[PDB]
Structures are given as structure tokens and as C-alpha cells.
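Observations on the three-dimensional arrangement
Each chain, written out:
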Amino acid sequence: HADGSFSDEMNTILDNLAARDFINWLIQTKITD
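Residues numbered from 1 in each chain as written, not as in the entry; some residues may be left out. Heavy atoms only, no water.

Per the PDB record, the structure was determined using solution NMR.

Spelled out as C-alpha cells, the structure:
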């Protein structure tokens, strides 16, 4: 876990790739799985 104004944004690195991993996951579920 993180704590603090910008300290919480340390994991924003993952927020970018994760945001698309999730939205795109839906597409790559039945076709790729």
C-alpha cells in the first residue's frame, strides 16, 4: 500500500498499462483467453 498526496501516484505507472489491460481484456477473453 502507499500513503500521501504524490506518494499514492507512485503506482500510477501501472494505472496506464492496467487501464488498457482491463478494457482490452474484454476483447481478448473469448478470442484469446
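A short note on the overall build of the protein chain
Put simply, the rule is: A run of DSSP states H or I qualifies as a helix once it reaches four residues; a run of E qualifies as a strand once it reaches two. Both are numbered from the N-terminal end. Only protein chains enter the accessibility calculation, which uses a 1.4 Å probe. A residue is then buried if its area is under 20% of the maximum for its type, exposed if over 50%, and partly exposed in between. Working definition of accessibility: Shrake-Rupley area with a 1.4 Å probe, residue cover restricted to the visible protein chains.
In terms of helices and strands, the protein chain carries 2 helices and 0 strands. Along the three orthogonal principal directions, the C-alpha set of the protein chain runs to about 40 × 15 × 10 Å. Scored against the burial criterion, the 33 residues of the protein chain give a buried share of 0%. Element-wise, carbon and sulfur atoms account for 60% of the exposed surface of the protein chain, whose accessible area totals about 3500 Å².

Here we look at the packing of aromatic side chains
Short version of the rule: Stacked, tilted and edge-to-face are the three classes assigned to paired rings of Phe, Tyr and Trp, where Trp is represented by its six-membered ring and a pair needs centres within 6.5 Å; plane angles under 30 degrees give stacked, over 60 edge-to-face, the rest tilted.
As enumerated under the stated definition, the model contains 1 aromatic pair in all. Centroid distance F22 to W25: 4.5 Å. Interplanar angle 50°. Geometry classified as tilted. Of this pair, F22 and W25 both sit in helix α2 (residues 12-27), 3 residues apart, which is roughly one turn of the helix. By relative accessible area, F22 is classed as exposed at 54%.

Some thoughts on unusual backbone geometry
Residues other than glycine predominantly adopt negative phi, and peptide bonds predominantly adopt the trans conformation. Within the chain, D33 stands out as a residue other than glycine whose phi angle is a positive 65°. As for its position among the elements, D33 is in the segment after α2. The exposed category is assigned to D33, whose relative accessible area is 76%.

Thoughts on α2
An α-helical turn contains 3.6 residues, so any two residues separated by three or four positions project in the same direction. Definition in use: Take the number of residues in a helix, subtract one, and multiply by 1.5 Å to get its expected span. The seven residues ending at a residue and the seven starting there each receive a fitted axis; the angle between those axes is the bend at that residue.
Between its terminal C-alpha atoms α2 stretches 23 Å, which fits the 22 Å expected from 16 residues at 1.5 Å a residue. Of all the bends found along α2, the most pronounced is centred on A18 and spans about 25°.

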